[PDB]
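Novice: First, the structure itself, so that you have it in front of you.
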Amino acid sequence: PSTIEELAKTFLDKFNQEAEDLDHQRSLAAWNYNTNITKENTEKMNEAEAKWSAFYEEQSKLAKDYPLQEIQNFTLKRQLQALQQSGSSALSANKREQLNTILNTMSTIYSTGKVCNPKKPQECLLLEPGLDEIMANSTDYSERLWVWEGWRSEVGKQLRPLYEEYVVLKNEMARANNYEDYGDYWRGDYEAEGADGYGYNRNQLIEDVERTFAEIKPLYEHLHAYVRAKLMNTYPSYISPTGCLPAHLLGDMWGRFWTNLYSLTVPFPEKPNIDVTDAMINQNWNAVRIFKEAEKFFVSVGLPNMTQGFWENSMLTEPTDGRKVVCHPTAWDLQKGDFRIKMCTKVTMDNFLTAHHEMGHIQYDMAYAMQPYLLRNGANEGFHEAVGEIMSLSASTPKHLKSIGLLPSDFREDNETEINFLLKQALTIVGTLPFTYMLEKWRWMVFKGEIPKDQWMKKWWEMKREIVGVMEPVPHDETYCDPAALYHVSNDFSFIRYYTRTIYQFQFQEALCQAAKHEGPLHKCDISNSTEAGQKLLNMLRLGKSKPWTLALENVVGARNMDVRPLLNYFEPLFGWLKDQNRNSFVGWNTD
Amino acid sequence: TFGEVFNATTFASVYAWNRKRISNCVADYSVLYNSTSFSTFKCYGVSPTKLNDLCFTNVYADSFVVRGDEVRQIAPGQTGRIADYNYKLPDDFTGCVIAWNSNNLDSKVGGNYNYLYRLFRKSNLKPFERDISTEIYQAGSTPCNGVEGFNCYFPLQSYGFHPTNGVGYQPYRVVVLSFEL
Ligand SMILES: *[C@@H]1O[C@H](CO)[C@@H](O[C@@H]2O[C@H](CO)[C@@H](O[C@@H]3O[C@H](CO)[C@@H](O)[C@H](O)[C@@H]3O)[C@H](O)[C@H]2NC(C)=O)[C@H](O)[C@H]1NC(C)=O
Ligand SMILES: *[C@@H]1O[C@H](CO)[C@@H](O[C@@H]2O[C@H](CO)[C@@H](O)[C@H](O)[C@H]2NC(C)=O)[C@H](O)[C@H]1NC(C)=O
Ligand SMILES: *[C@@H]1O[C@H](CO)[C@@H](O[C@@H]2O[C@H](CO)[C@@H](O)[C@H](O)[C@H]2NC(C)=O)[C@H](O)[C@H]1NC(C)=O
Ligand SMILES: *[C@@H]1O[C@H](CO)[C@@H](O)[C@H](O)[C@H]1NC(C)=O
């Protein structure tokens with residue numbers, strides 16, 4: 001006579017063990033493919049994935065067989081709920097197949113969708129390493145424009161039909177799963193069941209996003225006017241001082257990041273931005289040294305140093321020996337206590353900075369290994385790169401790298417450079433906050449039925465001008481599908497992470513700096529050498545997904561919910577400068 | 001005289017823990033207690049130095065291999081999965097526990113799943129009890145007809161040992177010496 005909760009717990013224990021084992025085995029299988037791309041290794045990685053995938057579905061059904069309402073241990077309940085989310089198999093089997101075909105085709109199109117300009121048609125560059133390398137450093141409006149509508153026309157026509165069906169299937173699934181619509185499904189991820197004043201509801205998320213964006217908007221506007229102005233001197237005939245910005249000119253295929261506008265919008269080109277790569281190069285540093293310096297950083301605050309297995313097994317540089325591998329930074333938890341990083345790093349300041357967040361990931365991974373497999377993750381999708389970006393912030397401090405011999409003692413960063421850097425930070429960091437919020441607002445509304453198919457494009461761009469203060473060269477009707485041209489949209493990826501993650505980092509860095517009694521501007525804080533912050537950073541690092549991320553956060557930063565104050569505060573210096581620079585000009589968009 | 005047990009090529013998996021008894025005191029603990037390799041050597045109810053002076057009624061050598069992490073379990077008053085369902089040692093235990101890293105021997109590239117361990121059991125081992133039954137663990141009220149299904153699980157699973165593993169999840173051998181007074 002063993003209660004349903006009891007019996008269920010027993011289920012989990014068996015799961016965790018079966019799951020751990022299989023996950024490790026996939027993991028290794030995938031690690032050999034990555035570090036060693038070989039036809040055989042490809043085959044083996046797919047096979048092993050297939051067993052993991054199959055296994056997961058089987059176990060998910062069974063999980064459902066325990067009635068969620070019956071469980072009383074919330075800590076238990078949370079692993080359970082997480083497991084028993086049905087996949088795309090909680091509906092017709094004949095529908096399911098259709099859906100996967102849609103998806104594979106989309107990515108497929110998107111994957112290899114090449115565009116060709118009228119002139120030199122035979123050029124017909126590819127999205128991957130073609131257009132993108134243009135949009136980034138091209139100041140010809142005509143060039144940039146053709147590279148913009150082409151992609152949006154070509155794949156758009158193809159993607160529009162697919163997308164509509166895509167929507168219908170996903171709503172059928174969400175509804176199947178007692179969800180209002182796909183939108184509300186994705187808003188599940190931020191749900192908290194702690195129910196002791198720490199609970200969280202998928203409805204609260206929309207309100208909270210909107211509210212915070214409301215508080216961000218002032219900042220955004222002034223960044224926007226400044227950047228518009230500098231652009232005018234570059235693309236003088238097309239921009240209008242009381243209006244929005246034409247999209248193609250934002251450095252990327254979409255204006256996700258104004259990073260590439262720095263050359264154009266640098267406030268003081270006289271003072272070069274401080275690049276410590278020549279320092280490293282001339283000091284005959286190597287990849288290993290970089291990662292070792294990182295390690296020290298974590299140690300100095302209180303974190304463990306990396307496993308022996310980490311140095312032994314990890315790939316930290318491109319294989320000299322003719323092993324072709326895709327090279328992107330990655331931080332792996334291979335689930336048996338084997339932790340590793342796979343960035344084929346090269347010697348630059350940036351890589352140095354990167355390794356501090358990739359290692360940051362790893363330290364997270366290590367921190368919650370005592371938690372059970374299901375609970376073995378950061379409390380929501382934001383935290384993991386929210387914590388692996390925060391180390392890249394302390395690590396980049398001029399204080400910090402002076403400290404480790406980054407430059408000459410008493411470097412004395414001047415305010416001209418300091419502001420110059422802050423702005424660069426803002427192009428990428430504040431640049432994308434509106435972009436992102438507007439996109440997930442469109443998708444959320446679509447999924448709730450708030451937008452008809454014929455009003456799709458009309459409502460999308462109406463939102464772009466209103467919120468992002470961006471406008472499109474040519475009008476687009478409902479033949480054009482533009483939002484699908486973004487990877488994450490057309491590859492069925494949730495997208496609001498980018499926003500929440502960005503508000504997370506600074507609440508963190510601000511609580512850690514406030515704990516390391518740092519004084520003065522928040523952007524020069526460096527937490528190194530402070531165990532006080534370390535221990536308190538850990539205290540949340542250990543929980544993993546085990547407590548409602550609201551409690552997770554409140555431990556670190558004393559607040560149960562997102563607050564944008566630390567963002568504003570981090571950027572406050574650039575703010576005041578921007579108001580000055582915009583003292584004599586117009587701030588705002590006019591929609592047309 | 002017991003050199004053969006320690007350096008044996010292969011070890012019993014923990015649920016079938018091996019028991020070997022010795023009749024001759026020709027062998028000494030000089031070589032053992034003075035050994036760099038032994039990662040653990042907790043002697044309970046005795047003095048590791050004092051061992052060479054005495055001889056005892058019954059000597060008992062149980063050998064088996066576990067997860068690094070789990071070595072802490074083999075000791076009096078220890079409650080865990082291994083101590084509950086695999087090799088409980090009685091509190092009033094007088095003897096000595098020995099363990100050493102066994103990575104190079106027991107884990108192979110691509111894994112060595114051959115060592116196993118008992119996951120469920122309807123109740124805890126009695127000190128030094130050995131249970132090797134393979135009957136399906138009927139957690140539920142519904143009885144399982146000798147096949148694992150909803151609410152009944154096979155109770156034996158296999159340690160996965162790879163050279164890459166973490167130390168805690170790395171495989172070390174263990175030998176426990178029991179003394180009769
Ligand atoms: C964190 O605290 C440690 C503890 O001191 C700091 O390490 C030390 O940093 C100082 C400043 O760069 C270095 O000082 C030099 O020491 C030598 C003697 O070893 C002396 O001849 C020089 O005149 C100079 O004072 C020292 O090398 C270094 N020592 C060690 C063991 O690392 C570290 O800089 C602190 N970091 C931060 C960010 O606060
Ligand atoms: C990269 O992958 C290849 C193939 O997946 C590995 O080649 C195998 O090498 C072992 C060891 O000699 C042979 O037994 C297999 O027959 C090989 N497989 C094939 C089909 O070539 C290669 O060793 C890997 N290289 C490393 C170490 O990264
Ligand atoms: C990380 O740093 C600490 C430094 O104290 C290491 O802890 C000890 O390091 C010495 C090495 O001189 C060892 O002899 C000790 O055994 C270590 N402590 C323990 C509890 O074993 C720690 O080992 C370092 N990292 C690694 C991977 O060993
Ligand atoms: C095991 O073999 C090695 C080499 O022969 C030896 O050093 C060791 O002492 C042997 N066993 C024991 C129990 O010491």
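Chain lettering (A, B, ...) mirrors the order of the structure tokens, residue numbering begins at 1 for each chain separately, and ligand numbering begins at 1 in order of display.
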Using only C-alpha atoms and all ligand atoms, tabulate the residues of chain A lying at most 10 Å from any atom of ligand 2, each with its closest atom pair and that distance in Å to one decimal, by chain and increasing residue number, as a Markdown table.

Specialist:
```
| residue | atom | partner | partner_atom_place_in_ligand_line | distance |
| --- | --- | --- | --- | --- |
| A:32 | CA | ligand 2 | 28 (O) | 7.1 |
| A:33 | CA | ligand 2 | 2 (O) | 7.8 |
| A:34 | CA | ligand 2 | 28 (O) | 9.6 |
| A:35 | CA | ligand 2 | 28 (O) | 6.8 |
| A:36 | CA | ligand 2 | 28 (O) | 5.0 |
| A:37 | CA | ligand 2 | 2 (O) | 6.9 |
| A:38 | CA | ligand 2 | 5 (O) | 4.9 |
| A:39 | CA | ligand 2 | 5 (O) | 6.6 |
| A:40 | CA | ligand 2 | 5 (O) | 4.7 |
| A:41 | CA | ligand 2 | 5 (O) | 4.6 |
| A:42 | CA | ligand 2 | 5 (O) | 8.0 |
| A:43 | CA | ligand 2 | 5 (O) | 9.1 |
| A:44 | CA | ligand 2 | 5 (O) | 8.6 |
| A:319 | CA | ligand 2 | 28 (O) | 9.1 |
| A:321 | CA | ligand 2 | 28 (O) | 9.1 |
| A:322 | CA | ligand 2 | 28 (O) | 9.6 |
| A:323 | CA | ligand 2 | 28 (O) | 6.8 |
| A:324 | CA | ligand 2 | 1 (C) | 9.5 |
```

Novice: Could those residues be written to a file, using N, CA and C atoms, as a PDB file, in the first residue's frame?

Specialist:
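part-v6.pdb, written as the output of this step:
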```pdb
ATOM      1  N   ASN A  32      32.511  12.700 -30.196  1.00  0.00           N
ATOM      2  CA  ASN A  32      33.457  12.183 -31.146  1.00  0.00           C
ATOM      3  C   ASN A  32      33.156  12.727 -32.514  1.00  0.00           C
ATOM      4  N   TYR A  33      31.872  12.942 -32.774  1.00  0.00           N
ATOM      5  CA  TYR A  33      31.479  13.493 -34.091  1.00  0.00           C
ATOM      6  C   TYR A  33      32.049  14.872 -34.156  1.00  0.00           C
ATOM      7  N   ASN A  34      31.743  15.672 -33.140  1.00  0.00           N
ATOM      8  CA  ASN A  34      32.232  17.068 -33.105  1.00  0.00           C
ATOM      9  C   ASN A  34      33.755  17.044 -33.240  1.00  0.00           C
ATOM     10  N   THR A  35      34.490  16.682 -32.189  1.00  0.00           N
ATOM     11  CA  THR A  35      35.975  16.738 -32.256  1.00  0.00           C
ATOM     12  C   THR A  35      36.526  15.991 -33.472  1.00  0.00           C
ATOM     13  N   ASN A  36      35.740  15.121 -34.110  1.00  0.00           N
ATOM     14  CA  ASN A  36      36.309  14.306 -35.218  1.00  0.00           C
ATOM     15  C   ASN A  36      35.219  14.000 -36.247  1.00  0.00           C
ATOM     16  N   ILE A  37      34.926  14.963 -37.120  1.00  0.00           N
ATOM     17  CA  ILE A  37      33.853  14.771 -38.139  1.00  0.00           C
ATOM     18  C   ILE A  37      34.279  13.646 -39.084  1.00  0.00           C
ATOM     19  N   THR A  38      33.642  12.480 -38.961  1.00  0.00           N
ATOM     20  CA  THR A  38      33.940  11.327 -39.842  1.00  0.00           C
ATOM     21  C   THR A  38      32.613  10.693 -40.243  1.00  0.00           C
ATOM     22  N   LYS A  39      32.464  10.331 -41.514  1.00  0.00           N
ATOM     23  CA  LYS A  39      31.244   9.670 -41.933  1.00  0.00           C
ATOM     24  C   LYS A  39      30.777   8.669 -40.876  1.00  0.00           C
ATOM     25  N   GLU A  40      31.661   7.762 -40.454  1.00  0.00           N
ATOM     26  CA  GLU A  40      31.270   6.798 -39.431  1.00  0.00           C
ATOM     27  C   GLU A  40      30.765   7.515 -38.187  1.00  0.00           C
ATOM     28  N   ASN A  41      31.524   8.502 -37.710  1.00  0.00           N
ATOM     29  CA  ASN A  41      31.143   9.169 -36.471  1.00  0.00           C
ATOM     30  C   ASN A  41      29.813   9.873 -36.597  1.00  0.00           C
ATOM     31  N   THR A  42      29.537  10.442 -37.767  1.00  0.00           N
ATOM     32  CA  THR A  42      28.214  10.984 -38.036  1.00  0.00           C
ATOM     33  C   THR A  42      27.159   9.917 -37.821  1.00  0.00           C
ATOM     34  N   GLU A  43      27.323   8.794 -38.513  1.00  0.00           N
ATOM     35  CA  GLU A  43      26.369   7.710 -38.402  1.00  0.00           C
ATOM     36  C   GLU A  43      26.128   7.383 -36.941  1.00  0.00           C
ATOM     37  N   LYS A  44      27.212   7.129 -36.216  1.00  0.00           N
ATOM     38  CA  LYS A  44      27.121   6.737 -34.821  1.00  0.00           C
ATOM     39  C   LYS A  44      26.441   7.793 -33.967  1.00  0.00           C
ATOM     40  N   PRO A 319      42.487  21.057 -33.974  1.00  0.00           N
ATOM     41  CA  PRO A 319      43.442  19.976 -34.200  1.00  0.00           C
ATOM     42  C   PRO A 319      44.359  20.320 -35.354  1.00  0.00           C
ATOM     43  N   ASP A 321      46.245  18.152 -36.504  1.00  0.00           N
ATOM     44  CA  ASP A 321      46.390  16.915 -37.259  1.00  0.00           C
ATOM     45  C   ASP A 321      45.225  16.619 -38.200  1.00  0.00           C
ATOM     46  N   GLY A 322      44.884  17.574 -39.059  1.00  0.00           N
ATOM     47  CA  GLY A 322      43.937  17.335 -40.129  1.00  0.00           C
ATOM     48  C   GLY A 322      42.650  16.635 -39.739  1.00  0.00           C
ATOM     49  N   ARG A 323      42.161  16.905 -38.532  1.00  0.00           N
ATOM     50  CA  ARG A 323      40.825  16.508 -38.108  1.00  0.00           C
ATOM     51  C   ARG A 323      39.900  17.691 -38.334  1.00  0.00           C
ATOM     52  N   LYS A 324      38.962  17.555 -39.249  1.00  0.00           N
ATOM     53  CA  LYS A 324      38.101  18.685 -39.548  1.00  0.00           C
ATOM     54  C   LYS A 324      36.995  18.686 -38.505  1.00  0.00           C
TER      55      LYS A 324
END
```

Novice: In chain B, what's helix (DSSP H, G or I) per DSSP? Answer as a VMD selection string?

Specialist: chain B and resid 3 to 6 14 to 16 30 to 33 68 to 73 81 to 85 103 to 106

Novice: So that I can check the surroundings of region 72-83 of chain B, please list as a PyMOL selection string every protein, DNA and RNA residue that reaches within 8 Å of it, counting only C-alpha atoms and ignoring chain neighbours fewer than 3 positions away.

Specialist: chain B and resi 69+86-93+97+119+125

Novice: Can you work out which one of A:312, A:410, A:140, A:149 has the shortest atom-to-atom distance to ligand 3, counting only C-alpha atoms and all ligand atoms?

Specialist: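 The answer is A:312, which sits nearest to ligand 3.
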
Novice: Just to confirm, what's the straight-line distance from CA of residue 463 (chain A) to CA of residue 168 (chain A) in Å (one decimal)?

Specialist: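 Interatomic distance, CA of residue 463 (chain A) to CA of residue 168 (chain A): 22.7 Å.
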
Novice: With 12 Å as the limit and counting only C-alpha atoms, what residues in chain A lie close to chain B? Please list them as a PyMOL selection string.

Specialist: chain A and resi 1-18+20-29+31-32+58-59+61-66+306-314+333-340+366+369-370

Novice: Pick from A:296, A:412, A:342, A:547: nearest to ligand 3, with only C-alpha atoms and all ligand atoms counted?

Specialist: A:296

Novice: Check which residues fall inside 9 Å of ligand 4 when counting only C-alpha atoms and all ligand atoms, and print them as a list in words.

Specialist: residues 2, 3, 4, 5, 6, 7, 8, 31, 32 and 35 of chain B

Novice: For the selection just defined, write its residues with C-alpha atoms to a file, as a tab-separated table (two decimals), in the first residue's frame.

Specialist:
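part.tsv, freshly written:
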```
chain	number	residue	atom	x	y	z
B	2	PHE	CA	46.68	-12.93	0.67
B	3	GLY	CA	48.65	-11.09	-2.00
B	4	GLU	CA	46.62	-13.01	-4.57
B	5	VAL	CA	43.30	-11.39	-3.61
B	6	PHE	CA	44.39	-7.77	-4.05
B	7	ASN	CA	46.22	-8.21	-7.33
B	8	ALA	CA	43.49	-10.42	-8.81
B	31	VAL	CA	53.16	-4.14	3.04
B	32	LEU	CA	49.62	-2.93	3.21
B	35	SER	CA	51.25	1.62	0.93
```

Novice: Can you tell me which residues come within 7 Å of ligand 1 when counting only C-alpha atoms and all ligand atoms, ideally as a count of residues only?

Specialist: 5

Novice: Quote the spacing between CA of residue 183 (chain A) and CA of residue 73 (chain A) in Å to one decimal place.

Specialist: 28.5 Å

Novice: Output as a list in words all residues of region 150-250 of chain A that backbone DSSP marks as strand (DSSP E or B).

Specialist: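 Assigned to strand (DSSP E or B), within region 150-250 of chain A: residues 192, 200, 245 and 246 of chain A.
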
Novice: Using only C-alpha atoms and all ligand atoms, can you tell me which of A:299, A:374, A:231, A:167 comes closest to ligand 3?

Specialist: A:299

Novice: In terms of the shortest atom-to-atom distance over only C-alpha atoms and all ligand atoms, which of A:425, A:305, A:507, A:88 is closest to ligand 3?

Specialist: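 Closest candidate: A:305.
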
Novice: Pick out the residues sitting within 9 Å of residue 143 (chain A), and hand them over as a ChimeraX atom specification; count only C-alpha atoms, and ignore anything fewer than 6 positions along from it in its own chain.

Specialist: /A:117,134-135

Novice: Can I get the selected residues back with N, CA and C atoms, as a compact mmCIF listing (two decimals), in the first residue's frame?

Specialist:
```txt
# COMPACT_ATOMS: atom_id res chain seq x y z
N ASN A 117 22.20 38.70 -56.93
CA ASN A 117 21.79 40.04 -57.30
C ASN A 117 21.59 40.13 -58.81
N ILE A 134 28.76 40.62 -46.03
CA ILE A 134 28.50 41.87 -46.69
C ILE A 134 27.73 42.69 -45.68
N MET A 135 26.49 42.31 -45.45
CA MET A 135 25.72 43.14 -44.54
C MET A 135 26.57 43.70 -43.42
```

Novice: How many Å lie between CA of residue 509 (chain A) and CA of residue 298 (chain A), rounded to one decimal?

Specialist: 14.6 Å

Novice: Set the distance at 9 Å and use only C-alpha atoms: which residues neighbour region 481-494 of chain A once local chain neighbours fewer than 2 positions away are removed? I'd like the list as a ChimeraX atom specification.

Specialist: /A:103-104,106-107,110,151-153,155-161,163,186,253-254,439-440,443,456-457,460,476-479,496-497

Novice: Which residues are close to residue 386 (chain A), i.e. within 7 Å by only C-alpha atoms, leaving aside same-chain residues fewer than 4 positions away? Reply as a list in words.

Specialist: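 Returned residues: residues 382, 390, 501, 502, 504 and 505 of chain A.
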
Novice: Please write the residues from the selection above to a file, keeping N, CA, C and O atoms, as a PDB file, in the first residue's frame.

Specialist:
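Output below, filename out06.pdb:
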```
ATOM      1  N   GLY A 382      17.272  31.626 -19.185  1.00  0.00           N
ATOM      2  CA  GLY A 382      18.117  32.801 -19.139  1.00  0.00           C
ATOM      3  C   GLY A 382      19.402  32.581 -18.368  1.00  0.00           C
ATOM      4  O   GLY A 382      20.473  33.036 -18.786  1.00  0.00           O
ATOM      5  N   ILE A 390      28.268  37.244 -17.303  1.00  0.00           N
ATOM      6  CA  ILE A 390      28.682  38.005 -16.148  1.00  0.00           C
ATOM      7  C   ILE A 390      30.169  37.860 -15.870  1.00  0.00           C
ATOM      8  O   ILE A 390      30.795  38.800 -15.468  1.00  0.00           O
ATOM      9  N   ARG A 501      17.446  36.974 -20.293  1.00  0.00           N
ATOM     10  CA  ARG A 501      18.864  36.811 -20.027  1.00  0.00           C
ATOM     11  C   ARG A 501      19.562  38.157 -19.904  1.00  0.00           C
ATOM     12  O   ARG A 501      20.347  38.390 -18.971  1.00  0.00           O
ATOM     13  N   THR A 502      19.255  39.085 -20.814  1.00  0.00           N
ATOM     14  CA  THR A 502      19.921  40.372 -20.709  1.00  0.00           C
ATOM     15  C   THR A 502      19.476  41.160 -19.483  1.00  0.00           C
ATOM     16  O   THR A 502      20.284  41.885 -18.911  1.00  0.00           O
ATOM     17  N   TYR A 504      18.702  39.699 -16.678  1.00  0.00           N
ATOM     18  CA  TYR A 504      19.279  38.930 -15.581  1.00  0.00           C
ATOM     19  C   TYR A 504      20.712  39.351 -15.295  1.00  0.00           C
ATOM     20  O   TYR A 504      21.040  39.706 -14.146  1.00  0.00           O
ATOM     21  N   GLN A 505      21.586  39.312 -16.324  1.00  0.00           N
ATOM     22  CA  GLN A 505      23.015  39.514 -16.071  1.00  0.00           C
ATOM     23  C   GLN A 505      23.247  40.621 -15.067  1.00  0.00           C
ATOM     24  O   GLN A 505      23.861  40.401 -14.028  1.00  0.00           O
TER      25      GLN A 505
END
```
